[PDB]
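Asks: Here you go, data26.cif (mmCIF, C-alpha atoms and all ligand atoms):
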```
data_upload
loop_
_atom_site.group_PDB
_atom_site.id
_atom_site.type_symbol
_atom_site.label_atom_id
_atom_site.label_comp_id
_atom_site.auth_asym_id
_atom_site.auth_seq_id
_atom_site.Cartn_x
_atom_site.Cartn_y
_atom_site.Cartn_z
ATOM 1 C CA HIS A 1 14.894 17.564 8.162
ATOM 2 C CA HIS A 2 11.817 15.353 7.934
ATOM 3 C CA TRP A 3 11.476 11.772 6.932
ATOM 4 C CA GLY A 4 11.780 10.482 3.421
ATOM 5 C CA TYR A 5 13.421 7.978 1.070
ATOM 6 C CA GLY A 6 17.347 8.764 1.333
ATOM 7 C CA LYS A 7 20.703 8.113 3.169
ATOM 8 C CA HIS A 8 20.302 10.735 5.889
ATOM 9 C CA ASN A 9 16.404 10.640 6.126
ATOM 10 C CA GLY A 10 15.383 7.170 4.929
ATOM 11 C CA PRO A 11 14.122 4.041 6.641
ATOM 12 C CA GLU A 12 17.201 3.458 8.775
ATOM 13 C CA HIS A 13 16.713 6.896 10.372
ATOM 14 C CA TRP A 14 12.983 6.758 11.053
ATOM 15 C CA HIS A 15 13.357 5.280 14.520
ATOM 16 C CA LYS A 16 14.761 8.561 15.934
ATOM 17 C CA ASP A 17 11.474 10.460 15.348
ATOM 18 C CA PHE A 18 9.256 7.340 15.486
ATOM 19 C CA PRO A 19 10.728 4.825 17.982
ATOM 20 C CA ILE A 20 7.866 2.315 17.195
ATOM 21 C CA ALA A 21 9.998 1.675 14.017
ATOM 22 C CA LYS A 22 11.766 -0.981 16.185
ATOM 23 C CA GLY A 23 8.440 -2.394 17.594
ATOM 24 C CA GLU A 24 6.947 -5.826 17.775
ATOM 25 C CA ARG A 25 4.669 -5.724 14.734
ATOM 26 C CA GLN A 26 6.318 -3.645 12.047
ATOM 27 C CA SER A 27 5.696 -3.888 8.301
ATOM 28 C CA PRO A 28 6.563 -4.900 5.670
ATOM 29 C CA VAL A 29 7.940 -8.431 6.148
ATOM 30 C CA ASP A 30 9.333 -11.202 3.952
ATOM 31 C CA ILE A 31 6.622 -13.848 3.318
ATOM 32 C CA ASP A 32 8.221 -17.317 3.478
ATOM 33 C CA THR A 33 5.712 -19.337 1.441
ATOM 34 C CA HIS A 34 6.765 -22.698 2.861
ATOM 35 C CA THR A 35 6.303 -21.671 6.502
ATOM 36 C CA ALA A 36 3.129 -19.678 6.249
ATOM 37 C CA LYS A 37 0.372 -21.773 7.754
ATOM 38 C CA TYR A 38 -2.666 -22.711 5.658
ATOM 39 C CA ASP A 39 -5.646 -21.798 7.860
ATOM 40 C CA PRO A 40 -8.868 -23.494 6.838
ATOM 41 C CA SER A 41 -10.725 -21.134 9.235
ATOM 42 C CA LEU A 42 -9.866 -18.143 6.902
ATOM 43 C CA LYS A 43 -12.765 -16.882 4.733
ATOM 44 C CA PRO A 44 -12.773 -15.693 1.167
ATOM 45 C CA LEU A 45 -12.017 -12.091 0.954
ATOM 46 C CA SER A 46 -15.064 -9.897 0.176
ATOM 47 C CA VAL A 47 -14.103 -6.890 -1.886
ATOM 48 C CA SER A 48 -17.084 -4.765 -2.824
ATOM 49 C CA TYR A 49 -16.015 -1.772 -4.875
ATOM 50 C CA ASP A 50 -19.249 -1.496 -7.000
ATOM 51 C CA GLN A 51 -20.084 1.940 -5.531
ATOM 52 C CA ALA A 52 -16.586 3.434 -5.018
ATOM 53 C CA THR A 53 -16.501 7.168 -5.463
ATOM 54 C CA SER A 54 -13.104 8.279 -6.352
ATOM 55 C CA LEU A 55 -12.609 12.036 -5.849
ATOM 56 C CA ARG A 56 -9.037 13.238 -6.342
ATOM 57 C CA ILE A 57 -5.460 12.210 -6.852
ATOM 58 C CA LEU A 58 -2.691 13.870 -4.713
ATOM 59 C CA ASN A 59 1.097 13.858 -4.905
ATOM 60 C CA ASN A 60 1.875 14.013 -1.157
ATOM 61 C CA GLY A 61 5.655 14.093 -1.692
ATOM 62 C CA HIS A 62 6.284 10.374 -0.720
ATOM 63 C CA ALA A 63 3.932 8.749 -3.234
ATOM 64 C CA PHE A 64 0.582 9.665 -4.898
ATOM 65 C CA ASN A 65 -2.739 8.941 -3.164
ATOM 66 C CA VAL A 66 -6.033 8.058 -5.213
ATOM 67 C CA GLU A 67 -8.741 9.283 -2.722
ATOM 68 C CA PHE A 68 -12.304 7.995 -2.207
ATOM 69 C CA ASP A 69 -15.434 9.395 -0.606
ATOM 70 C CA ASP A 70 -15.495 7.504 2.595
ATOM 71 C CA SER A 71 -18.537 9.388 4.137
ATOM 72 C CA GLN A 72 -21.034 6.582 2.878
ATOM 73 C CA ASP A 73 -20.847 2.722 3.094
ATOM 74 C CA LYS A 74 -19.664 2.493 -0.557
ATOM 75 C CA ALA A 75 -16.447 0.594 -1.073
ATOM 76 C CA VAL A 76 -15.931 -2.158 1.592
ATOM 77 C CA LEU A 77 -13.521 -4.901 2.509
ATOM 78 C CA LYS A 78 -14.704 -7.660 4.758
ATOM 79 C CA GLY A 79 -14.359 -11.383 5.292
ATOM 80 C CA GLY A 80 -10.966 -12.884 4.879
ATOM 81 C CA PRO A 81 -9.335 -12.644 8.351
ATOM 82 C CA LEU A 82 -11.414 -9.610 9.302
ATOM 83 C CA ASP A 83 -14.427 -9.017 11.740
ATOM 84 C CA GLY A 84 -16.724 -6.394 10.850
ATOM 85 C CA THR A 85 -16.404 -3.925 7.821
ATOM 86 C CA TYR A 86 -13.564 -1.744 6.551
ATOM 87 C CA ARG A 87 -14.090 1.224 4.254
ATOM 88 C CA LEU A 88 -11.868 2.153 1.370
ATOM 89 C CA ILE A 89 -10.327 5.624 1.868
ATOM 90 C CA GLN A 90 -7.421 5.647 -0.653
ATOM 91 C CA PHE A 91 -4.752 3.822 -2.479
ATOM 92 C CA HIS A 92 -1.200 4.381 -3.444
ATOM 93 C CA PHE A 93 1.910 2.503 -4.657
ATOM 94 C CA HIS A 94 5.544 1.960 -3.757
ATOM 95 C CA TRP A 95 8.019 1.406 -6.595
ATOM 96 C CA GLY A 96 11.651 1.174 -7.585
ATOM 97 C CA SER A 97 14.290 2.918 -9.668
ATOM 98 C CA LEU A 98 14.616 -0.382 -11.570
ATOM 99 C CA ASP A 99 12.248 -3.226 -12.316
ATOM 100 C CA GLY A 100 14.128 -5.548 -9.904
ATOM 101 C CA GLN A 101 13.039 -3.669 -6.772
ATOM 102 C CA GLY A 102 10.154 -1.572 -5.464
ATOM 103 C CA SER A 103 7.885 -3.815 -3.415
ATOM 104 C CA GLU A 104 7.718 -3.542 0.377
ATOM 105 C CA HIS A 105 6.619 -7.091 1.111
ATOM 106 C CA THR A 106 8.785 -9.816 -0.467
ATOM 107 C CA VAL A 107 7.917 -13.456 -1.237
ATOM 108 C CA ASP A 108 10.778 -15.880 -0.395
ATOM 109 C CA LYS A 109 13.009 -12.798 -0.713
ATOM 110 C CA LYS A 110 11.637 -11.938 -4.198
ATOM 111 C CA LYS A 111 11.134 -8.234 -4.795
ATOM 112 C CA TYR A 112 8.473 -7.101 -7.207
ATOM 113 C CA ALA A 113 8.690 -3.931 -9.340
ATOM 114 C CA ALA A 114 6.002 -2.215 -7.237
ATOM 115 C CA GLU A 115 3.266 -2.791 -4.685
ATOM 116 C CA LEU A 116 -0.264 -1.336 -4.527
ATOM 117 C CA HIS A 117 -1.825 -0.614 -1.097
ATOM 118 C CA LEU A 118 -5.610 -0.208 -0.849
ATOM 119 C CA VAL A 119 -6.119 1.308 2.612
ATOM 120 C CA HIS A 120 -9.361 0.685 4.555
ATOM 121 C CA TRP A 121 -10.462 1.727 8.073
ATOM 122 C CA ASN A 122 -12.654 -0.227 10.475
ATOM 123 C CA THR A 123 -16.114 1.332 10.628
ATOM 124 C CA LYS A 124 -16.513 0.592 14.249
ATOM 125 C CA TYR A 125 -14.027 3.495 15.021
ATOM 126 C CA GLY A 126 -15.967 6.094 12.988
ATOM 127 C CA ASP A 127 -13.252 7.497 10.836
ATOM 128 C CA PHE A 128 -9.718 6.890 9.677
ATOM 129 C CA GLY A 129 -8.057 9.180 12.256
ATOM 130 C CA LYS A 130 -9.441 7.318 15.342
ATOM 131 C CA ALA A 131 -8.932 3.927 13.607
ATOM 132 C CA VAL A 132 -5.156 4.309 13.406
ATOM 133 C CA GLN A 133 -5.012 4.447 17.216
ATOM 134 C CA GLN A 134 -6.388 0.877 17.442
ATOM 135 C CA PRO A 135 -4.712 -2.533 16.863
ATOM 136 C CA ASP A 136 -7.509 -3.588 14.496
ATOM 137 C CA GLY A 137 -8.055 -0.108 13.001
ATOM 138 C CA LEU A 138 -6.918 -0.646 9.400
ATOM 139 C CA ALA A 139 -6.973 -3.386 6.765
ATOM 140 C CA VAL A 140 -4.661 -3.032 3.726
ATOM 141 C CA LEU A 141 -5.100 -5.176 0.657
ATOM 142 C CA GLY A 142 -1.641 -5.416 -0.938
ATOM 143 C CA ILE A 143 -1.159 -6.464 -4.544
ATOM 144 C CA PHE A 144 2.268 -6.911 -6.221
ATOM 145 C CA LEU A 145 3.077 -5.443 -9.671
ATOM 146 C CA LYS A 146 5.368 -7.124 -12.185
ATOM 147 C CA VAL A 147 6.438 -5.630 -15.525
ATOM 148 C CA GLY A 148 4.941 -7.309 -18.618
ATOM 149 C CA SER A 149 1.639 -6.629 -20.351
ATOM 150 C CA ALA A 150 -0.087 -3.311 -19.603
ATOM 151 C CA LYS A 151 -2.894 -3.096 -16.997
ATOM 152 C CA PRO A 152 -5.747 -1.499 -18.991
ATOM 153 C CA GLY A 153 -7.517 -0.457 -15.856
ATOM 154 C CA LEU A 154 -4.414 1.320 -14.613
ATOM 155 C CA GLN A 155 -4.139 3.571 -17.678
ATOM 156 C CA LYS A 156 -6.502 6.302 -16.389
ATOM 157 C CA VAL A 157 -4.183 6.699 -13.348
ATOM 158 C CA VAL A 158 -1.009 6.808 -15.443
ATOM 159 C CA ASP A 159 -2.442 9.453 -17.786
ATOM 160 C CA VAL A 160 -3.210 11.925 -14.936
ATOM 161 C CA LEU A 161 0.286 11.810 -13.409
ATOM 162 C CA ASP A 162 1.648 14.586 -15.663
ATOM 163 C CA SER A 163 -0.789 16.902 -13.915
ATOM 164 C CA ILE A 164 0.539 16.081 -10.356
ATOM 165 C CA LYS A 165 4.270 15.930 -11.034
ATOM 166 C CA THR A 166 5.415 17.641 -7.843
ATOM 167 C CA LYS A 167 4.693 17.563 -4.131
ATOM 168 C CA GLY A 168 1.458 19.147 -3.088
ATOM 169 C CA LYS A 169 -0.220 19.046 -6.511
ATOM 170 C CA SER A 170 -3.650 17.471 -6.827
ATOM 171 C CA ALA A 171 -6.155 16.802 -9.616
ATOM 172 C CA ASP A 172 -9.826 15.927 -9.826
ATOM 173 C CA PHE A 173 -10.161 12.166 -10.371
ATOM 174 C CA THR A 174 -13.704 10.949 -10.460
ATOM 175 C CA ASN A 175 -15.350 7.750 -11.620
ATOM 176 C CA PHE A 176 -12.195 5.579 -11.332
ATOM 177 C CA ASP A 177 -13.116 1.945 -10.679
ATOM 178 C CA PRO A 178 -10.435 0.221 -8.486
ATOM 179 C CA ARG A 179 -11.804 -3.061 -9.576
ATOM 180 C CA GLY A 180 -9.634 -2.630 -12.652
ATOM 181 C CA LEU A 181 -6.602 -3.265 -10.551
ATOM 182 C CA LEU A 182 -7.514 -6.639 -9.003
ATOM 183 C CA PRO A 183 -5.684 -9.604 -10.150
ATOM 184 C CA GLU A 184 -7.932 -12.461 -11.039
ATOM 185 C CA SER A 185 -7.523 -14.635 -7.705
ATOM 186 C CA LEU A 186 -8.140 -13.364 -4.186
ATOM 187 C CA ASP A 187 -5.880 -16.002 -2.542
ATOM 188 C CA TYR A 188 -3.896 -14.212 0.169
ATOM 189 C CA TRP A 189 -1.485 -14.208 3.053
ATOM 190 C CA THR A 190 -2.316 -12.282 6.223
ATOM 191 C CA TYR A 191 -0.518 -11.110 9.384
ATOM 192 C CA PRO A 192 -0.728 -8.281 11.970
ATOM 193 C CA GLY A 193 1.491 -5.306 11.218
ATOM 194 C CA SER A 194 1.868 -1.558 10.848
ATOM 195 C CA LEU A 195 1.796 1.382 8.514
ATOM 196 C CA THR A 196 5.014 1.153 6.354
ATOM 197 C CA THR A 197 5.457 4.955 6.504
ATOM 198 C CA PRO A 198 5.832 7.234 9.544
ATOM 199 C CA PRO A 199 4.120 7.334 11.977
ATOM 200 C CA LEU A 200 4.526 3.504 11.648
ATOM 201 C CA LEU A 201 1.458 2.889 13.851
ATOM 202 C CA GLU A 202 0.786 -0.754 14.719
ATOM 203 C CA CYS A 203 -2.843 -0.740 13.539
ATOM 204 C CA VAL A 204 -2.918 -2.802 10.348
ATOM 205 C CA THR A 205 -4.245 -6.265 9.398
ATOM 206 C CA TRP A 206 -2.250 -6.943 6.244
ATOM 207 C CA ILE A 207 -3.870 -8.965 3.428
ATOM 208 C CA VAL A 208 -1.308 -9.579 0.644
ATOM 209 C CA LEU A 209 -2.605 -11.199 -2.535
ATOM 210 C CA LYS A 210 -0.526 -14.052 -3.984
ATOM 211 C CA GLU A 211 -1.260 -13.194 -7.625
ATOM 212 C CA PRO A 212 0.525 -10.126 -8.963
ATOM 213 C CA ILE A 213 -0.930 -7.841 -11.573
ATOM 214 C CA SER A 214 1.116 -7.108 -14.770
ATOM 215 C CA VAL A 215 1.788 -3.483 -15.760
ATOM 216 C CA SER A 216 3.808 -2.368 -18.755
ATOM 217 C CA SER A 217 7.337 -0.865 -18.696
ATOM 218 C CA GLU A 218 5.802 2.281 -20.027
ATOM 219 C CA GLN A 219 3.335 2.514 -17.153
ATOM 220 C CA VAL A 220 5.967 2.101 -14.450
ATOM 221 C CA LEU A 221 8.331 4.486 -16.254
ATOM 222 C CA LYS A 222 5.682 7.178 -15.816
ATOM 223 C CA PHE A 223 5.535 6.539 -12.068
ATOM 224 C CA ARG A 224 9.319 7.177 -12.113
ATOM 225 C CA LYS A 225 8.892 10.635 -13.700
ATOM 226 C CA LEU A 226 7.558 12.035 -10.352
ATOM 227 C CA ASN A 227 9.680 14.115 -7.948
ATOM 228 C CA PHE A 228 10.147 13.944 -4.202
ATOM 229 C CA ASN A 229 11.065 17.694 -4.224
ATOM 230 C CA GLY A 230 8.774 20.671 -4.444
ATOM 231 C CA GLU A 231 7.981 22.840 -7.699
ATOM 232 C CA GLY A 232 10.593 25.334 -8.498
ATOM 233 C CA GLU A 233 12.849 23.001 -6.418
ATOM 234 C CA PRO A 234 15.573 20.739 -7.912
ATOM 235 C CA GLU A 235 14.308 17.620 -9.343
ATOM 236 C CA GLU A 236 14.314 14.462 -7.152
ATOM 237 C CA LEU A 237 12.662 11.637 -9.049
ATOM 238 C CA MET A 238 9.958 9.769 -7.036
ATOM 239 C CA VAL A 239 11.533 6.294 -7.078
ATOM 240 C CA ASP A 240 12.643 3.734 -4.340
ATOM 241 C CA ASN A 241 9.853 4.943 -2.025
ATOM 242 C CA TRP A 242 9.742 1.506 -0.237
ATOM 243 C CA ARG A 243 10.600 0.378 3.270
ATOM 244 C CA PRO A 244 12.712 -2.854 3.420
ATOM 245 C CA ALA A 245 11.406 -6.028 5.168
ATOM 246 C CA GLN A 246 11.357 -5.798 8.982
ATOM 247 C CA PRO A 247 11.825 -8.512 11.617
ATOM 248 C CA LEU A 248 8.920 -10.911 11.889
ATOM 249 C CA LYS A 249 9.362 -11.256 15.710
ATOM 250 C CA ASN A 250 6.573 -13.082 17.343
ATOM 251 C CA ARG A 251 4.195 -13.352 14.385
ATOM 252 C CA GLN A 252 2.523 -15.969 12.227
ATOM 253 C CA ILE A 253 1.749 -15.441 8.565
ATOM 254 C CA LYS A 254 -1.394 -17.370 7.523
ATOM 255 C CA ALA A 255 -2.348 -18.496 4.020
ATOM 256 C CA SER A 256 -5.930 -18.650 2.719
ATOM 257 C CA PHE A 257 -4.911 -21.363 0.206
ATOM 258 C CA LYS A 258 -3.209 -24.753 -0.406
HETATM 259 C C1 LIG B 301 -1.470 8.424 10.023
HETATM 260 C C2 LIG B 301 -0.864 9.737 9.431
HETATM 261 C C3 LIG B 301 -0.154 9.492 8.101
HETATM 262 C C4 LIG B 301 -0.208 8.290 7.402
HETATM 263 N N1 LIG B 301 0.484 8.206 6.213
HETATM 264 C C5 LIG B 301 1.169 9.259 5.689
HETATM 265 S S1 LIG B 301 1.997 9.151 4.154
HETATM 266 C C6 LIG B 301 1.611 7.439 3.723
HETATM 267 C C7 LIG B 301 0.124 7.149 3.723
HETATM 268 O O1 LIG B 301 -0.681 8.058 3.329
HETATM 269 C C8 LIG B 301 -0.361 5.799 4.240
HETATM 270 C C9 LIG B 301 -1.553 5.796 4.972
HETATM 271 C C10 LIG B 301 -2.043 4.593 5.502
HETATM 272 C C11 LIG B 301 -1.354 3.434 5.272
HETATM 273 CL CL1 LIG B 301 -1.966 1.953 5.888
HETATM 274 C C12 LIG B 301 -0.144 3.410 4.565
HETATM 275 S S2 LIG B 301 0.699 1.879 4.092
HETATM 276 N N2 LIG B 301 1.943 2.246 3.190
HETATM 277 O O2 LIG B 301 1.081 1.229 5.326
HETATM 278 O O3 LIG B 301 -0.297 1.211 3.267
HETATM 279 C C13 LIG B 301 0.349 4.620 4.084
HETATM 280 N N3 LIG B 301 1.244 10.431 6.299
HETATM 281 C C14 LIG B 301 0.578 10.546 7.500
HETATM 282 ZN ZN ZN B 302 1.873 1.841 1.318
#
```
Reformat the file's structure so that it appears as structure tokens.
Replies:
Amino acid sequence: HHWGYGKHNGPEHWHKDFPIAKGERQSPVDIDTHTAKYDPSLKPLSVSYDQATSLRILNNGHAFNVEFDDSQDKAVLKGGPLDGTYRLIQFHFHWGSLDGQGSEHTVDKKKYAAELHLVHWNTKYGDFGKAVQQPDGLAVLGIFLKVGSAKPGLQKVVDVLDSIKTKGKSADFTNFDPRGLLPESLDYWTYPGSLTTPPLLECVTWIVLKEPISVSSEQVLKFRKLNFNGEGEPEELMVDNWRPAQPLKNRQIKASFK
């Protein structure tokens, strides 16, 4: 009886196995745009994905992860609110059963259809596994998805999903350029938080872009054709794999803009 996305194993149960679920810097949160503080000390975000080596795509039974070679100083996030350099290791999404829900962060209580998380670890801790044990170990660039026009740079991802339908399946996935997922503006909000999945470790600097990307109905419908269950197991569509907004507690959300 392990964690997932349902009534008896979903977010409201996670605290029993992972008591940090009720901690002081949990994610996601609602982003109140009027109260977020413009911080003129914040720097432009530096996203350098010119050398990203994608390797493989994995259905891990909660979502799908696009994986990158993180053994060289290839794809890096820096600047913004960050000190030092963070290396891209993977991305994944959270999405809904319906277009009106799916995001983890919300903006003045607005839910988006989905949310992309580009996960990076701080190079000063040597790898991802040591980084998650530190309060400044990870940086996640979050980008909202709305349903409208297709995202041409997303299509290569959508077209491989039929090959990873069920938990534990993987496929080779080389030469994918994550730059084709970045909205036009890098204006952002930032705050200290956590992983949104167990183990819920409080190691993340969140950087949430204000500008969503558009994806088509057809693209998100293909996300919704995944299963939570294993092969040869009864079908559980991979949908509503999002954690609701958590208490802000003693935190400030800062804005890079306006
Ligand atoms: C630490 C052991 C660990 C971390 N995550 C998972 S599943 C979700 C996932 O791969 C993941 C990994 C990192 C981050 Cl930062 C986030 S999220 N959703 O907070 O972006 C999700 N399983 C085990
Ligand atoms: Zn995530």
Asks: Could you write out as number ranges by chain the residues that the PyMOL selection byres (((not hetatm)) within 8 of (chain B and resi 301)) matches in the shown file?
Replies: A: 27, 60, 62-63, 65, 91-94, 117-120, 129, 132, 138-140, 142, 194-201, 204
Asks: Ranking A:86, A:121, A:68, A:144 by minimum distance to residue 173 in chain A and counting all atoms listed in the file, which one comes first?
Replies: A:68
Asks: Here's the selection I'm unsure about, the PyMOL selection byres (((chain A and resi 73-84) around 8) and not hetatm); applied to the file above, which residues does it give, as a ChimeraX atom specification?
Replies: /A:42-53,70-72,85-88,120,122-124,139,190,205,256
Asks: Selected by the PyMOL selection byres (((chain A and resi 213) around 7) and not hetatm) in the shown coordinates: which residues, as a ChimeraX atom specification?
Replies: /A:144-146,183,211-212,214-215
Asks: What's around residue 157 in chain A at 10 Å? Count all atoms listed in the file, leave out sequence neighbours fewer than 4 positions away in its own chain, and write the answer as an MDAnalysis selection string.
Replies: chainID A and resid 57 66 153 161 173 176 219 223
Asks: Go ahead and find all residues with at least one atom no further than 12 Å from (11.0, 16.9, 8.3) in the file's coordinates, using all atoms listed in the file; report them as a list in words.
Replies: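 The answer, in the requested form, is residues 1, 2, 3, 4, 5, 8, 9, 10, 13, 14, 16, 17, 61 and 198 of chain A.
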Asks: Could you check how far CA of residue 246 in chain A sits from CA of residue 207 in chain A, in Å to one decimal?
Replies: 16.5 Å
Asks: Rank nothing, just name the residue among A:96, A:137, A:178, A:247 nearest to residue 31 in chain A, using all atoms listed in the file.
Replies: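 Counting all atoms listed in the file, the residue closest to residue 31 in chain A is A:247.
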Asks: Interatomic distance between CA of residue 202 in chain A and CA of residue 15 in chain A?
Replies: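 Between CA of residue 202 in chain A and CA of residue 15 in chain A the gap is 13.9 Å.
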Asks: With distances taken over only C-alpha atoms, which of A:39, A:170, A:22, A:108 is nearest to residue 55 in chain A?
Replies: A:170
Asks: Find the spatial neighbours of residue 98 in chain A, counting all atoms listed in the file, within a cut-off of 10 Å - ignore same-chain residues fewer than 6 positions away - and output them as an mmCIF file with C-alpha atoms, keeping the file's coordinate frame.
Replies:
```
data_model
loop_
_atom_site.group_PDB
_atom_site.id
_atom_site.type_symbol
_atom_site.label_atom_id
_atom_site.label_comp_id
_atom_site.auth_asym_id
_atom_site.auth_seq_id
_atom_site.Cartn_x
_atom_site.Cartn_y
_atom_site.Cartn_z
ATOM 1 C CA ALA A 113 8.690 -3.931 -9.340
ATOM 2 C CA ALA A 114 6.002 -2.215 -7.237
ATOM 3 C CA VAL A 220 5.967 2.101 -14.450
ATOM 4 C CA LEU A 221 8.331 4.486 -16.254
ATOM 5 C CA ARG A 224 9.319 7.177 -12.113
ATOM 6 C CA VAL A 239 11.533 6.294 -7.078
ATOM 7 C CA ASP A 240 12.643 3.734 -4.340
#
```
Asks: Have a look at A:191, A:95, A:257, A:228 and name the one nearest to residue 166 in chain A; count all atoms listed in the file.
Replies: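 Counting all atoms listed in the file, the residue closest to residue 166 in chain A is A:228.
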Asks: In Å, how far is it from CA of residue 149 in chain A to CA of residue 218 in chain A?
Replies: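 The value is 9.8 Å.
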Asks: Using all atoms listed in the file, find the one residue out of A:163, A:101, A:54, A:90 that sits nearest to ligand ZN 302 (chain B).
Replies: A:90
Asks: Using only C-alpha atoms, which of the listed residues (A:158, A:203, A:208, A:186) sits closest to residue 64 in chain A?
Replies: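 Smallest separation from residue 64 in chain A among the options: A:158.
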